[PDB]
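Trainee: What follows is input_37.pdb, PDB, C-alpha atoms and all ligand atoms.
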```
ATOM      1  CA  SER A   7       0.000   0.000   0.000  1.00  0.00           C
ATOM      2  CA  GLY A   8       0.995   3.682  -0.379  1.00  0.00           C
ATOM      3  CA  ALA A   9       0.216   6.952  -2.200  1.00  0.00           C
ATOM      4  CA  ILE A  10       1.718  10.299  -3.435  1.00  0.00           C
ATOM      5  CA  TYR A  11       0.194  13.493  -1.991  1.00  0.00           C
ATOM      6  CA  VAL A  12       0.881  16.560  -4.179  1.00  0.00           C
ATOM      7  CA  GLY A  13      -1.264  19.717  -3.951  1.00  0.00           C
ATOM      8  CA  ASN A  14      -4.952  18.790  -3.849  1.00  0.00           C
ATOM      9  CA  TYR A  15      -4.265  15.334  -5.374  1.00  0.00           C
ATOM     10  CA  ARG A  16      -3.702  11.777  -4.117  1.00  0.00           C
ATOM     11  CA  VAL A  17      -2.021   9.380  -6.606  1.00  0.00           C
ATOM     12  CA  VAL A  18      -2.573   5.649  -5.910  1.00  0.00           C
ATOM     13  CA  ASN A  19      -2.310   2.244  -7.747  1.00  0.00           C
ATOM     14  CA  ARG A  20      -5.698   2.028  -9.595  1.00  0.00           C
ATOM     15  CA  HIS A  21      -6.178  -1.630  -8.446  1.00  0.00           C
ATOM     16  CA  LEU A  22      -5.944  -0.442  -4.791  1.00  0.00           C
ATOM     17  CA  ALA A  23      -8.165   2.719  -5.055  1.00  0.00           C
ATOM     18  CA  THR A  24     -10.906   3.104  -2.375  1.00  0.00           C
ATOM     19  CA  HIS A  25     -14.655   4.075  -2.676  1.00  0.00           C
ATOM     20  CA  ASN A  26     -13.534   7.607  -1.575  1.00  0.00           C
ATOM     21  CA  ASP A  27     -10.911   7.720  -4.392  1.00  0.00           C
ATOM     22  CA  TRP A  28     -13.543   6.749  -6.975  1.00  0.00           C
ATOM     23  CA  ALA A  29     -16.149   9.245  -5.558  1.00  0.00           C
ATOM     24  CA  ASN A  30     -13.529  12.067  -5.829  1.00  0.00           C
ATOM     25  CA  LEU A  31     -11.998  10.832  -9.153  1.00  0.00           C
ATOM     26  CA  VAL A  32      -9.876  13.301 -11.166  1.00  0.00           C
ATOM     27  CA  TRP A  33      -8.297  10.864 -13.674  1.00  0.00           C
ATOM     28  CA  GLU A  34      -7.650   7.099 -14.005  1.00  0.00           C
ATOM     29  CA  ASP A  35      -5.851   4.919 -16.537  1.00  0.00           C
ATOM     30  CA  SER A  36      -6.181   1.112 -16.362  1.00  0.00           C
ATOM     31  CA  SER A  37      -3.304   0.685 -18.876  1.00  0.00           C
ATOM     32  CA  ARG A  38      -0.968   2.556 -16.356  1.00  0.00           C
ATOM     33  CA  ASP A  39      -2.468   1.056 -13.125  1.00  0.00           C
ATOM     34  CA  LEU A  40      -2.915   4.747 -11.935  1.00  0.00           C
ATOM     35  CA  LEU A  41      -5.780   6.637 -10.339  1.00  0.00           C
ATOM     36  CA  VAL A  42      -5.725  10.255  -9.067  1.00  0.00           C
ATOM     37  CA  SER A  43      -8.358  11.472  -6.567  1.00  0.00           C
ATOM     38  CA  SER A  44      -8.915  14.922  -4.996  1.00  0.00           C
ATOM     39  CA  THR A  45      -8.183  15.855  -1.362  1.00  0.00           C
ATOM     40  CA  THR A  46      -9.159  18.777   0.843  1.00  0.00           C
ATOM     41  CA  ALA A  47      -5.751  18.908   2.622  1.00  0.00           C
ATOM     42  CA  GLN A  48      -2.694  20.243   0.765  1.00  0.00           C
ATOM     43  CA  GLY A  49       0.034  17.742  -0.176  1.00  0.00           C
ATOM     44  CA  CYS A  50       3.754  18.477  -0.127  1.00  0.00           C
ATOM     45  CA  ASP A  51       5.421  15.703  -2.137  1.00  0.00           C
ATOM     46  CA  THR A  52       7.585  17.098  -4.927  1.00  0.00           C
ATOM     47  CA  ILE A  53       7.292  15.396  -8.334  1.00  0.00           C
ATOM     48  CA  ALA A  54      10.519  14.883 -10.318  1.00  0.00           C
ATOM     49  CA  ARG A  55      10.618  16.346 -13.892  1.00  0.00           C
ATOM     50  CA  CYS A  56      13.623  14.475 -15.397  1.00  0.00           C
ATOM     51  CA  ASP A  57      14.890  11.349 -17.267  1.00  0.00           C
ATOM     52  CA  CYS A  58      16.794   9.825 -14.231  1.00  0.00           C
ATOM     53  CA  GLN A  59      17.374   6.108 -14.414  1.00  0.00           C
ATOM     54  CA  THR A  60      18.749   5.749 -10.822  1.00  0.00           C
ATOM     55  CA  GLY A  61      16.924   6.285  -7.539  1.00  0.00           C
ATOM     56  CA  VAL A  62      15.789   4.741  -4.219  1.00  0.00           C
ATOM     57  CA  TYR A  63      12.486   2.923  -3.576  1.00  0.00           C
ATOM     58  CA  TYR A  64      10.664   1.891  -0.378  1.00  0.00           C
ATOM     59  CA  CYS A  65      10.114  -1.897  -0.015  1.00  0.00           C
ATOM     60  CA  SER A  66       7.483  -2.514   2.720  1.00  0.00           C
ATOM     61  CA  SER A  67       7.991  -6.363   2.732  1.00  0.00           C
ATOM     62  CA  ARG A  68      11.545  -5.672   3.996  1.00  0.00           C
ATOM     63  CA  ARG A  69      10.843  -2.318   5.857  1.00  0.00           C
ATOM     64  CA  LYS A  70      13.907  -0.989   3.857  1.00  0.00           C
ATOM     65  CA  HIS A  71      14.799   1.481   1.081  1.00  0.00           C
ATOM     66  CA  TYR A  72      16.890   0.083  -1.812  1.00  0.00           C
ATOM     67  CA  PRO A  73      18.942   1.989  -4.438  1.00  0.00           C
ATOM     68  CA  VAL A  74      18.135   0.799  -8.013  1.00  0.00           C
ATOM     69  CA  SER A  75      18.859   1.399 -11.717  1.00  0.00           C
ATOM     70  CA  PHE A  76      15.557   1.383 -13.651  1.00  0.00           C
ATOM     71  CA  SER A  77      14.536   1.264 -17.311  1.00  0.00           C
ATOM     72  CA  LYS A  78      12.844   4.072 -19.324  1.00  0.00           C
ATOM     73  CA  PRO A  79       8.971   4.178 -19.129  1.00  0.00           C
ATOM     74  CA  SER A  80       7.717   1.655 -21.659  1.00  0.00           C
ATOM     75  CA  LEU A  81       4.924  -0.833 -22.670  1.00  0.00           C
ATOM     76  CA  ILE A  82       5.623  -4.072 -20.827  1.00  0.00           C
ATOM     77  CA  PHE A  83       3.648  -7.355 -20.671  1.00  0.00           C
ATOM     78  CA  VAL A  84       1.985  -8.043 -17.278  1.00  0.00           C
ATOM     79  CA  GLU A  85       0.453 -11.401 -16.221  1.00  0.00           C
ATOM     80  CA  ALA A  86      -3.247 -11.853 -15.335  1.00  0.00           C
ATOM     81  CA  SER A  87      -4.325 -11.173 -11.718  1.00  0.00           C
ATOM     82  CA  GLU A  88      -7.589 -10.715  -9.703  1.00  0.00           C
ATOM     83  CA  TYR A  89      -7.427  -7.019 -10.861  1.00  0.00           C
ATOM     84  CA  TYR A  90      -6.526  -7.277 -14.588  1.00  0.00           C
ATOM     85  CA  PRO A  91      -6.494  -9.736 -17.520  1.00  0.00           C
ATOM     86  CA  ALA A  92      -3.021 -10.385 -19.162  1.00  0.00           C
ATOM     87  CA  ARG A  93      -2.033  -7.106 -20.970  1.00  0.00           C
ATOM     88  CA  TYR A  94       0.642  -4.478 -21.841  1.00  0.00           C
ATOM     89  CA  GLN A  95       1.003  -1.901 -19.027  1.00  0.00           C
ATOM     90  CA  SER A  96       2.295   1.432 -20.365  1.00  0.00           C
ATOM     91  CA  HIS A  97       4.655   3.937 -18.657  1.00  0.00           C
ATOM     92  CA  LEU A  98       6.199   1.072 -16.620  1.00  0.00           C
ATOM     93  CA  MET A  99       9.915   0.966 -15.541  1.00  0.00           C
ATOM     94  CA  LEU A 100      11.655  -2.192 -14.342  1.00  0.00           C
ATOM     95  CA  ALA A 101      14.541  -2.570 -11.890  1.00  0.00           C
ATOM     96  CA  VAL A 102      16.375  -5.604 -10.500  1.00  0.00           C
ATOM     97  CA  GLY A 103      15.053  -5.773  -6.950  1.00  0.00           C
ATOM     98  CA  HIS A 104      12.767  -7.325  -4.387  1.00  0.00           C
ATOM     99  CA  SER A 105       9.028  -6.931  -4.435  1.00  0.00           C
ATOM    100  CA  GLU A 106       6.122  -9.088  -3.306  1.00  0.00           C
ATOM    101  CA  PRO A 107       2.284  -8.510  -3.269  1.00  0.00           C
ATOM    102  CA  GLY A 108       1.715  -5.855  -0.628  1.00  0.00           C
ATOM    103  CA  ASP A 109       4.654  -3.747  -1.931  1.00  0.00           C
ATOM    104  CA  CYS A 110       2.555  -1.783  -4.480  1.00  0.00           C
ATOM    105  CA  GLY A 111       2.388   1.944  -3.614  1.00  0.00           C
ATOM    106  CA  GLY A 112       5.959   2.231  -2.299  1.00  0.00           C
ATOM    107  CA  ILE A 113       7.543   5.413  -3.639  1.00  0.00           C
ATOM    108  CA  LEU A 114      10.550   5.517  -6.013  1.00  0.00           C
ATOM    109  CA  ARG A 115      12.534   8.780  -5.685  1.00  0.00           C
ATOM    110  CA  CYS A 116      15.568  10.390  -7.322  1.00  0.00           C
ATOM    111  CA  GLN A 117      17.465  13.640  -6.211  1.00  0.00           C
ATOM    112  CA  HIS A 118      14.733  15.658  -8.072  1.00  0.00           C
ATOM    113  CA  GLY A 119      11.746  14.198  -6.193  1.00  0.00           C
ATOM    114  CA  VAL A 120       9.099  11.490  -6.597  1.00  0.00           C
ATOM    115  CA  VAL A 121       9.456   9.395  -9.796  1.00  0.00           C
ATOM    116  CA  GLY A 122       6.673   6.833  -9.444  1.00  0.00           C
ATOM    117  CA  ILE A 123       5.208   4.030  -7.327  1.00  0.00           C
ATOM    118  CA  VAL A 124       5.655   0.205  -7.164  1.00  0.00           C
ATOM    119  CA  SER A 125       3.101  -1.417  -9.471  1.00  0.00           C
ATOM    120  CA  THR A 126       4.429  -4.891 -10.461  1.00  0.00           C
ATOM    121  CA  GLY A 127       6.760  -7.586  -9.100  1.00  0.00           C
ATOM    122  CA  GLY A 128       8.069 -11.126  -9.536  1.00  0.00           C
ATOM    123  CA  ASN A 129      11.205 -12.989 -10.760  1.00  0.00           C
ATOM    124  CA  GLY A 130      13.607 -10.668  -8.898  1.00  0.00           C
ATOM    125  CA  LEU A 131      12.239  -7.660 -10.812  1.00  0.00           C
ATOM    126  CA  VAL A 132      10.202  -4.714  -9.547  1.00  0.00           C
ATOM    127  CA  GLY A 133       8.095  -2.473 -11.792  1.00  0.00           C
ATOM    128  CA  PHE A 134       7.266   1.238 -11.108  1.00  0.00           C
ATOM    129  CA  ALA A 135       4.360   3.200 -12.629  1.00  0.00           C
ATOM    130  CA  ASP A 136       5.984   6.491 -13.799  1.00  0.00           C
ATOM    131  CA  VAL A 137       4.307   9.834 -12.828  1.00  0.00           C
ATOM    132  CA  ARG A 138       6.932  12.346 -14.172  1.00  0.00           C
ATOM    133  CA  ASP A 139       4.900  13.006 -17.386  1.00  0.00           C
ATOM    134  CA  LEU A 140       1.776  14.115 -15.409  1.00  0.00           C
ATOM    135  CA  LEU A 141       2.657  17.823 -15.431  1.00  0.00           C
ATOM    136  CA  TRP A 142      -0.877  18.818 -14.293  1.00  0.00           C
ATOM    137  CA  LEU A 143      -0.206  17.330 -10.797  1.00  0.00           C
ATOM    138  CA  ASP A 144       1.685  20.596  -9.989  1.00  0.00           C
ATOM    139  CA  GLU A 145      -1.006  23.057 -11.028  1.00  0.00           C
TER     140      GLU A 145
HETATM  141  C1  LIG A 201       3.970  -6.539  -6.431  1.00  0.00           C
HETATM  142  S1  LIG A 201       5.087  -7.891  -6.476  1.00  0.00           S
HETATM  143  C2  LIG A 201       4.160  -9.150  -7.229  1.00  0.00           C
HETATM  144  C3  LIG A 201       2.949  -9.172  -7.873  1.00  0.00           C
HETATM  145  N1  LIG A 201       2.124  -8.085  -8.212  1.00  0.00           N
HETATM  146  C4  LIG A 201       1.941  -7.760  -9.526  1.00  0.00           C
HETATM  147  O1  LIG A 201       2.864  -7.708 -10.311  1.00  0.00           O
HETATM  148  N2  LIG A 201       0.660  -7.510  -9.891  1.00  0.00           N
HETATM  149  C5  LIG A 201      -0.513  -7.760  -9.047  1.00  0.00           C
HETATM  150  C6  LIG A 201      -1.308  -6.496  -8.801  1.00  0.00           C
HETATM  151  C7  LIG A 201      -1.573  -5.748 -10.103  1.00  0.00           C
HETATM  152  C8  LIG A 201      -0.270  -5.481 -10.851  1.00  0.00           C
HETATM  153  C9  LIG A 201      -0.515  -4.729 -12.147  1.00  0.00           C
HETATM  154  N3  LIG A 201       0.074  -3.551 -12.250  1.00  0.00           N
HETATM  155  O2  LIG A 201      -1.204  -5.216 -13.044  1.00  0.00           O
HETATM  156  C10 LIG A 201       0.363  -6.833 -11.152  1.00  0.00           C
HETATM  157  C11 LIG A 201       2.725 -10.551  -8.207  1.00  0.00           C
HETATM  158  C12 LIG A 201       1.555 -11.202  -8.866  1.00  0.00           C
HETATM  159  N4  LIG A 201       3.746 -11.288  -7.821  1.00  0.00           N
HETATM  160  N5  LIG A 201       4.614 -10.426  -7.229  1.00  0.00           N
HETATM  161  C13 LIG A 201       5.882 -10.919  -6.708  1.00  0.00           C
HETATM  162 ZN    ZN A 202      15.586  12.759 -11.439  1.00  0.00          ZN
END
```
Spit out the file's structure as structure tokens when you get a sec.

Mentor:
Amino acid sequence: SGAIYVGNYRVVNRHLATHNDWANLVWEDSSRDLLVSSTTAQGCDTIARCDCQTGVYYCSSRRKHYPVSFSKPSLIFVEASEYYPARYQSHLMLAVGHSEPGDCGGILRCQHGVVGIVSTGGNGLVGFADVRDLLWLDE
């Protein structure tokens, strides 16, 4: 679990969004596993605006942060689950690292700010849903 709080927005994994998220929906994209809902309280997370391929992510199944090299946001095949049929997930970045179910929502950060959140895992690989292209999160 986990979310990004920036301005009047909350960014979460779409497959983990609540009734409240859906009732205050701003934007969602099933192909990205992202949903953005509105909040009354102001958020202070800074979003990175860069092409960094190195950063640190939070892994809740180990209660530890890990430094990683990660790929550029791309269309990657993702296996069927209780949330989605087998499909290509877009804007996804992979890194060699640990992740298990329950890790989704952990933030990936570089020196510039928040890059994305854990969205996929398995086979010693962790996938992050990129948020750096969502320029409207700042305004
Ligand atoms: C999060 S780590 C993980 C998962 N979770 C996923 O990769 N998933 C499951 C939740 C939805 C994700 C998506 N973006 O479609 C896909 C699994 C099935 N094994 N391991 C080790
Ligand atoms: Zn960066």

Trainee: One decimal, Å: what's the distance from CA of residue 110 in chain A over to CA of residue 145 in chain A, could you say?

Mentor: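 If I compute the distance from CA of residue 110 in chain A to CA of residue 145 in chain A, I get 25.9 Å.
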
Trainee: Quote the spacing between CA of residue 133 in chain A and CA of residue 72 in chain A in Å to one decimal place.

Mentor: 13.5 Å

Trainee: List as a VMD selection string the protein and nucleic acid residues lying within 12 Å of ligand ZN 202 (chain A), with all atoms listed in the file counted.

Mentor: chain A and resid 52 to 62 75 to 76 114 to 122 136 to 138

Trainee: Taking the file as shown, find all residues satisfying the PyMOL selection byres (((chain A and resi 88-98) around 6) and not hetatm) and write them as a VMD selection string.

Mentor: chain A and resid 37 to 38 79 to 87 99 134 to 136

Trainee: Using C-alpha atoms, can you write the selected residues to a file as a PDB file, in the frame of the given file?

Mentor:
```pdb
ATOM      1  CA  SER A  37      -3.304   0.685 -18.876  1.00  0.00           C
ATOM      2  CA  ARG A  38      -0.968   2.556 -16.356  1.00  0.00           C
ATOM      3  CA  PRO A  79       8.971   4.178 -19.129  1.00  0.00           C
ATOM      4  CA  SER A  80       7.717   1.655 -21.659  1.00  0.00           C
ATOM      5  CA  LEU A  81       4.924  -0.833 -22.670  1.00  0.00           C
ATOM      6  CA  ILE A  82       5.623  -4.072 -20.827  1.00  0.00           C
ATOM      7  CA  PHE A  83       3.648  -7.355 -20.671  1.00  0.00           C
ATOM      8  CA  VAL A  84       1.985  -8.043 -17.278  1.00  0.00           C
ATOM      9  CA  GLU A  85       0.453 -11.401 -16.221  1.00  0.00           C
ATOM     10  CA  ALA A  86      -3.247 -11.853 -15.335  1.00  0.00           C
ATOM     11  CA  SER A  87      -4.325 -11.173 -11.718  1.00  0.00           C
ATOM     12  CA  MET A  99       9.915   0.966 -15.541  1.00  0.00           C
ATOM     13  CA  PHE A 134       7.266   1.238 -11.108  1.00  0.00           C
ATOM     14  CA  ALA A 135       4.360   3.200 -12.629  1.00  0.00           C
ATOM     15  CA  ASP A 136       5.984   6.491 -13.799  1.00  0.00           C
TER      16      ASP A 136
END
```

Trainee: How many Å separate atom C2 of ligand LIG 201 (chain A) from CA of residue 10 in chain A?

Mentor: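 Atom-to-atom, atom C2 of ligand LIG 201 (chain A) to CA of residue 10 in chain A, that is 20.0 Å.
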
Trainee: Quick one: residues within 12 Å of residue 9 in chain A, only C-alpha atoms, excluding same-chain residues fewer than 6 positions away - as JSON, numbers by chain?

Mentor: {"A": [15, 16, 17, 18, 19, 20, 22, 23, 24, 27, 40, 41, 42, 43, 49, 51, 64, 109, 110, 111, 112, 113, 114, 120, 122, 123, 124, 125, 135, 137]}

Trainee: With all atoms listed in the file as the atoms that count, which of A:35, A:26, A:104, A:50 lies nearest to residue 14 in chain A?

Mentor: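 Nearest candidate to residue 14 in chain A out of A:35, A:26, A:104, A:50: A:50.
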
Trainee: When you look at residue 107 in chain A with a cut-off of 9 Å (counting all atoms listed in the file), what residues show up, excluding the ones that are within fewer than 5 positions of it in the same chain? I need them as an MDAnalysis selection string.

Mentor: chainID A and resid 67 126:128
